[PDB]
Asker: 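Attaching a single structure in C-alpha cells format; questions to follow.
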Number of protein chains: 2
Amino acid sequence: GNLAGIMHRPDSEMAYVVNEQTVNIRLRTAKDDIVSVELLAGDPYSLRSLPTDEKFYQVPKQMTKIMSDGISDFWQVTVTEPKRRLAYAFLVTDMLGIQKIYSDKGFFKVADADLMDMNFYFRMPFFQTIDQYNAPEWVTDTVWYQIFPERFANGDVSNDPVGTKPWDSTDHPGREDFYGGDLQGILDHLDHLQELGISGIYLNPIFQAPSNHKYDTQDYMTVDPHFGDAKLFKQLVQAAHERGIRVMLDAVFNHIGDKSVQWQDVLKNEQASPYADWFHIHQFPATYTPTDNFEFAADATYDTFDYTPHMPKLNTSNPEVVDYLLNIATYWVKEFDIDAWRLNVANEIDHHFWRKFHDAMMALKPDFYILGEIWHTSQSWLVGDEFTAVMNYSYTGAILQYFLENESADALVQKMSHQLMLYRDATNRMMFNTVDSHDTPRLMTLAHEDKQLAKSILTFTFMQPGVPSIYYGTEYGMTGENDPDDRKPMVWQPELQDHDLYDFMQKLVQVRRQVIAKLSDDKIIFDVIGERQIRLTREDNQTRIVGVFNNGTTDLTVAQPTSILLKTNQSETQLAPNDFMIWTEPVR
Amino acid sequence: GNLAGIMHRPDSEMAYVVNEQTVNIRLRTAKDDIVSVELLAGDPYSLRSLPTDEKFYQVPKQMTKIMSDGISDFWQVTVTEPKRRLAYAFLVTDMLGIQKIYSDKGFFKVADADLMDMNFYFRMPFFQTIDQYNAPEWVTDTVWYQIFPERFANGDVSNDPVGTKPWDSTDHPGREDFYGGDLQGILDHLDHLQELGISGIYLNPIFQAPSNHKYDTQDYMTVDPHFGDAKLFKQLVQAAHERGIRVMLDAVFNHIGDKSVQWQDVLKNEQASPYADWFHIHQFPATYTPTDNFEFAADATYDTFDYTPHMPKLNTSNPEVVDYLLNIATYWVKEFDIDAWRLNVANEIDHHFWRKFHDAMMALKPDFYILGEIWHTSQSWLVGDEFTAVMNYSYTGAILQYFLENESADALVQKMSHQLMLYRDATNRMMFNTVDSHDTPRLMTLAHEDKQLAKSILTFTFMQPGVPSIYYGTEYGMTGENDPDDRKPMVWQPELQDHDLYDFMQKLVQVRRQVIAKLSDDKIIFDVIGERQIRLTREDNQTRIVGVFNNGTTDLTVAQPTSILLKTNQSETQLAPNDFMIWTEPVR
Ligand SMILES: [Ca+2]
Ligand SMILES: [Ca+2]
C-alpha cells in the first residue's frame, strides 16, 4: 500500500469531541489504495486495569469512506465511550490484501503490535466539552442578505454627503461617489427583504468614516451621521428582529482610518503620542510619499492594510488596543442586541486576540455567530475557540469556476470534497456561502447576462452545507464589474428589474428554508453522472433531496420524479444544456 | 510522483514564526519520491499592488531535505520578509523529472497556476510574535536530577512516619512502605548534586498527602509535615539557587486525593456540598465497591485517575476549580521562587485551563518552564500557548528499544526522525529526556546489569536535542523493577555504590554542559554506517561533535580522532561490541 499517503493527526479535525461521550475520528489514505479501514478503540486504562479477559481491540469498528479529493480518500467513524477517555489505532488493508495496524507509533503487522500498551495508540485523553467546537443552531435556518449601506436606499436626503449624485442604478460609480444610501432606507425596505424570504442582514461598515465604504474608520463608537444615529440603528435592529431577521455588523479591527483621533495624535505628537504603540511604526515621524493613486504608497514608515497609507495597521498585541477593541465589540452587542460580527481581514489579527474576542462574545450571547473574512484555508481559526465560520470564498470560487468555464465535473467535486474535509462537520454547516460581494464582480456580469446560468450557480450553491447569502440586487439581476462597479445604486425602478429572477429567487429561498434546512443530520453526496453532469443528494433517515445539473452541451434524460421542487425546463424528464431539476423522494 | 504523500499544513509546526521578520516552513513528501523542492514566497499584496515588473514567484528559494522517517521525507527552509506577510507555494519535482506547483489550491502544472492571485497561495498572514513558540534559554544549559523525596535521604528522624523502616538500598519496597526521606535530606546532599554536575532538581510531589508518593493530594498549600515545612522548603530553594541549581515541582492537578477537605465534604454532604461540581460525579452518594487491590474499583460513581477510587478527577472546566488551581500554581512560584512546574497526567486536563495556566506563569516569570507529563504525541500542547515541553517518553523509549533488543539502526533513526518532525525546532530542544523514572523499571535492571550497555544508552541520550535528566541513584548503578521496586532507598554506603559509573557520569555531564550545550544553532545528523552501527553528529559553524556507537556483534575500526572526549575502549581506533567513542573536530 501507499503508506506515505496515510495520515491521522490527533486532536484536530480528524479527532474531535461532538458531545460529552462521543467523538468523530477521520483517516486520510491515498485515493483507491486502501480497501477497508477498521478502528480499534476503547478506554486506554481498560487494557491492564480491568480484570476481564475482553480487550477493546478485539471488537473493531468499521470506518466509512465518506469523500475523495482525487488525491486522497477520507474515512470517518463516530465512537461513544462512557469513560470519556479514548485510545485508538487503525487497521488498514490495501488493494493487494496487505493489512497493517497504524498507530501513534507508526505501521506494524498486527502480530507485532503492542496492543496491551495504552501508549501504543493514538489518544483522545479526556473528552473535553469546554474545548469543543459548537455551532449555533439558529444559523441553520438562515438565508442572509448583504447590504452595502451607501447604495441600498436613500431614506433621508437631509443626511446626504455633499456632492451626492441622483439615484441611478445604471451608473458606473467611481471610487469616491456618494448616492446617499442610509439606515432609514434599509428600514423603509424591510418588507422587500421579508417578501424575498431572507432571515439575516449583513451590513458593511456603518461607523463614522470619511469614505463611501467606511473601512477607514474614524470612530467605532458612533453610527456615521450620513447613515443615521444610535436611536435609528436601535429602531432598525428591533424592526428586523420583529420580522424574524437577525443582524450582523462588520468589525474592521485590522486597521483604523488615518482621520481617527488616535492616528491624528500620532501625526501631531510622533513617538510622544499615547497611541504610538497602538500601531506598527517603523520610523517617526510617520510619513509616506503620495502617489497618483490615493490608495497606494510605496514607502510608508508604518505597516498598513495592503499598501494604502490611509489604513494604518492596529497593534492588537498591545493590551490597551485589546481593551479598546473588546469594549467596542461588547458595546454594539450589549446596547443594540446585534446577533453576529463579520471580521474584516481577520487572518491578519493574532489568535490571542481572537480567543479573547470569542470568550467575550460567548459570555454575552452563548449563541453568537463570529464570521471571519479569510479567502484561503482557515483551519486554525475554526477549532471552536475563535470563529464560528469564515466567508467561504474558496468554496464558492470553485463553484463559479466550474459553471463559467469548462472543467470536468470531477474537478469540481474533488475541490469541494477537499474543502469539506479540512474542517469539522458542524463547521462546514456554518460556513458563509456568497457567490459575489462588494469585493468581486457581480454574478450576472460573470455569467455574461445568461440568466439560466446565473440560476444554476445560485441553486447549486444553495444546496451546499454552508449557509447562503444574497448580495443586494442579485434578486433583480444587477450587473457590475469589480469594485467600484459592483456597488451600483440598488435597482428600485420596476422597468429595470428582472421580475422572473426575483420570482425564482423567492422559490429558491423557500426550498432552502423549508426543505434543506429541515433535514436531520443529513449526508451530502456528489455523483458525477456524465460529462459536466452532476447529481447532488442531501439525505437524512426519512427523505432525500436530489438535484441534477446538466452543464454539458447535450440533452440529458432523467426518470420523471414524483415530486419536483424546482426546475428550469418545462419538461419533467429532459434537461437541456444548463438546465437543472431538484426533487424530493422518500428514503427506502 | 506520489502526490498523496505530499502535504503542507499551514499555521502549524510546518509554518511558524521564529521572530518578527522570520518564519520556518516545512513540506512532507513520500520517501525518496521527490528530488527537489523550491519555495515560491513573498508578500501577498506585492503581486498586484507594486508597480514593479519583478514578482516574488520569479526567484525561488531552495528547500533542504532535513530528515526521513522511512515513510516520508521532510524538507525545510527559513524565509525572511520585511512586510511580515507571506504567501507561498512549493515547486516539487519527482524522480522522473515531473514538476508541479503545490499550493493551498492543490497541484498544478506551472503554466496553469494562477501565480498573480494572492489567494492561490498558502498563507502566513501576518507574522505574530504574540502567537509564537518561545524557548527559555536557561533550559539549554541544564542537566536535571529527579528526586522521589521519600527515598533520597532521611535528614530528620523526628518527622518520620509511623512504621518507618531502616534505610536499606537493598530492600524491595512495598507499595505502602516508608523510609523517612525528607527535605532536610535533600539539603544535606546538595554537595553530591553539585559534584555530579547537575543544574536542575525535579521533585516528585511534596505537598501534604497520606501516601509515600503523595499523588493523592490532601492539601496543595502545605508541605507535607513528614517532609518539612514552608521555612525549610524556602531554605532548600535558596540553597539550590546559590549553587546554580534550578527547582521544578510536581503539579498534580488532574485529580485530588480522597482525604482532601473538598472530597470529604462531598462524602458528608452529597450534592449539597459546595464542592459537588468540582468533580465528575455521575450518581450520588459518591461511592464504590472496595476490592482486594486498594488502587482498583470497578464501579465508582465518579470519574477517577485510572480506576482508583482514591483519586477523584477534578473538573477543571469549573471556574472555581480554575481559580483554586491557578492560585496554588501562583503561590509556590511567588512565595518560593521555583523555576518550573512538571504537570502530572497533563493530557487529561483541557486546553482552556492550560492556556490560562501558561498566561499566569509567564506573567510571573517570562522564562518559566512548563513541562507536561504526556507519553504519546503532544503536538497540540506544544504550539507556544500551553506547555514548553513534555517528558519525552516516546523518544527515550525508542532509544531503549534499540539498545536492549536487536532492531536495525535504520529503525531507530526512523523513529527519532519522526519524533523531531512532529514539533517546532525550538520545542525539540526543550523536551525532557529521562531514560527511567519513578514510573518505569531502572536502567541498570533493563540492561541486565551490563554497565557498558547502560553507559551507551545514557551517552546516546545525552547527545540528543532535548535536555537530559538523571533519576536519583542512576549514577551509582541502582537496580529495580517497576514501581514500587524502582523507588529503593538511595544508596549512600560506599561499598554498595558503583564508583566507576559515578566517575563516568561526571564526565558525561561535563561533555553535555561544556561542549554540546555551547554549540550555536546546531544541526543534528543521524548516519547509519553499518549493521547496528550509528554515527551521531551535532555541528554548528565552527565545530562538530561526533559520536560513533557500535552495537553489533563485530568490532568496528574508525579513524583515530585528534581530540577524543569520551570513549569506553582503551583503543583510539577500535570499538568492540557496545563500545562508543565521542570526539570533536573543526568544521572545514
Ligand atoms: Ca441619505
Ligand atoms: Ca525523616
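The sequence lines fix the lettering, A, B, ..., with proteins before strands; numbering per chain opens at 1. In what follows, every heavy atom counts, from backbone to side chain, and hydrogens, waters and symmetry copies are set aside.
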Asker: Using the salt bridge (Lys or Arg N to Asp or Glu O under 4.0 Å) rule, collect all pairs that involve residues 122-145 of chain A, keeping only residues at least two apart or in two chains.
Answerer: A:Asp141-A:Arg513

Asker: Partners of A:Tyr57 by ring-ring contact (aromatic ring centres under 6.0 Å, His included), sequence neighbours excluded?
Answerer: none

Asker: How about A:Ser437 and A:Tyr393: does a side-chain donor come under 3.5 Å of a side-chain acceptor?
Answerer: yes

Asker: Would A:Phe90 and A:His8 count as a close aromatic pair, with their ring centres under 6.0 Å?
Answerer: yes

Asker: Using the test ring-ring contact (aromatic ring centres under 6.0 Å, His included), find all partners of A:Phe56 that sit at least two apart in sequence or belong to another chain.
Answerer: A:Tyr121

Asker: Would you check if the distance from the ring center of A:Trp144 to the ring center of A:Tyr202 is below 6.0 Å?
Answerer: no

Asker: Which pairs count as salt bridge (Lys or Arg N to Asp or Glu O under 4.0 Å) when at least one residue sits in residues 366-392 of chain A, sequence neighbours excluded?
Answerer: A:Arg342-A:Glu373, A:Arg355-A:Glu386, A:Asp385-B:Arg355

Asker: For residues 399-426 of chain A, pull every pair meeting salt bridge (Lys or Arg N to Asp or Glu O under 4.0 Å), keeping only residues two or more places apart or in separate chains.
Answerer: A:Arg26-A:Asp425

Asker: Report, as yes or no, whether the 6.0 Å neighbourhood of atom CD on A:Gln542 holds more than 12 heavy atoms from other residues, nucleotides or ligands.
Answerer: yes

Asker: Please report whether the ring centroid of A:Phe460 lies less than 6.0 Å from that of A:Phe403.
Answerer: yes

Asker: Regarding A:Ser72 and A:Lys31, do their side chains bring together a donor and an acceptor under 3.5 Å, going by distance alone?
Answerer: no

Asker: Please confirm whether A:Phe74 and A:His418 have ring centers closer than 6.0 angstrom.
Answerer: no

Asker: I need the full list of salt bridge (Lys or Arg N to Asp or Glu O under 4.0 Å) pairs touching residues 550-578 of chain A, with sequence neighbours left out, sorted by first then second residue.
Answerer: none

